[PDB]
Structures are given as C-alpha cells and as structure tokens.
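For reference, the structure discussed in these notes is given below.
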Ligand SMILES: Cc1oc(C(N)=O)cc1S(=O)(=O)Nc1cnc(Cl)c(C#N)c1
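Numbering (PDB author numbering), first residue to last: 3 to 169.
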C-alpha cells in the first residue's frame, strides 16, 4: 500500500491521473519524482521549469554543480539528484526531443531508467514541449517499465484521450 490517490489503473504496474506533477509531489512526497530533463539539466520550461520553480531554483543550483563535475547526460540517460522539497530523490531522465531531431527509439532507453526504482511519480517522457506523441509515449512506458509508475498528466483533455485510446 502507498499514498498515491485517485489514479486509474492501466496495467499491473502503470497508473495514471490528471494532475499537476508539482502539486502531486508536494502532497505525496514520493521517494522518486521524475524530471523531464535535457542533457544540460537546464530546467527552463515544461515539467522541468515547473519542478525547478517549486524548489525556488535549488534544483538548478544542484544541477549546475552536477554538470560542472560530470558533463552532460546522454539522450536516453538519467541521473539521481535531490528531490528538494518535492521528493526524496529526483530522477532526471532525458527523453529524445523531436523538436531537436533526436531519435524517437531512444524513448525506450529513457524509460528503462525507471526500472532502477521500485516506485516513481513521473510525467510522460518526451511529451509536451519535447514534441513526441503522448499516446506513443504511454505505449512505450507500459511496454518498458516494470516497476510501479504513477503518471501525472497536466492537461485534462490529453488525459481523457490517453485513457480513451489506451489498448
Ligand atoms: C499539457 C500537455 O500537453 C502535452 C502535449 N503532448 O502536447 C503534454 C502535456 S502535460 O502537461 O500533461 N505532460 C507534460 C508536459 N510537459 C512535458 Cl515537457 C512533458 C514531458 N516529457 C509532459
């Protein structure tokens, strides 16, 4: 039993809710919240901009030190950093950005990072400003992640479409 509430069950291990991931994290304080990161950990907009703003920019400060030490992530890769006031940990995961021409097959590699964590609160990778089809992203999620994932979808219209088209 865990504290996630109001989610629709899609599969054995994947759950989904129309929710603001920032507000969801603030209320649940999950062990892991996933950020929709880029390779530079520049949290300017989308989910990343919202999460960073909620930390009063502490996420960005920590991220800049991480990059200065380690260099950029790989597309499809991840790193674990602090969750600040939102979660114990933040798993920064880089899905491909179609608006940069990155290969969409890297989306499966991105979701594989979730399997290193038993339970996660997460957005749909490569959705929103990353330019992928969220229905495709949900399919890859369900077919790749084996751990327990609670997906927060900000847009109600999109949430209803994801549910209604789910196979
Ligand atoms: C309102 C909205 O539109 C779309 C769309 N496909 O156009 C997605 C969303 S979201 O807010 O519900 N989830 C979301 C938002 N931002 C980002 Cl960067 C990601 C990722 N990775 C995921």
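All C-beta atoms, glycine included, are put in the ideal place defined by N, C-alpha and C.
Per DSSP, cross-strand counterpart(s) of residue i
| i | result |
| --- | --- |
| residue 124 | 153 |
| residue 17 | 11, 152 |
| residue 83 | 92 |
Residue i versus residue j: straight-line alpha-carbon distance, rounded
| i | j | result |
| --- | --- | --- |
| residue 89 | residue 166 | 30 Å |
| residue 110 | residue 146 | 7 Å |
| residue 79 | residue 60 | 22 Å |
| residue 32 | residue 42 | 25 Å |
| residue 125 | residue 77 | 17 Å |
| residue 140 | residue 21 | 16 Å |
| residue 66 | residue 137 | 32 Å |
| residue 93 | residue 169 | 28 Å |
| residue 135 | residue 149 | 23 Å |
| residue 83 | residue 107 | 25 Å |
Residue i beta carbon near ligand 1 (any heavy atom closer than 7 Å)
| i | result |
| --- | --- |
| residue 125 | yes |
| residue 97 | yes |
| residue 129 | yes |
| residue 155 | yes |
| residue 49 | yes |
Beta-carbon separation (whole angstroms), residue i vs residue j, contact threshold 8 Å
| i | j | result |
| --- | --- | --- |
| residue 36 | residue 100 | About 19 Å; that fails the 8 Å criterion. |
- Message: Suppose only complete runs of 4+ residues qualify. What are the alpha helix (DSSP H) ranges in the segment 96–121, listed by chain order?
- Response: 108–114
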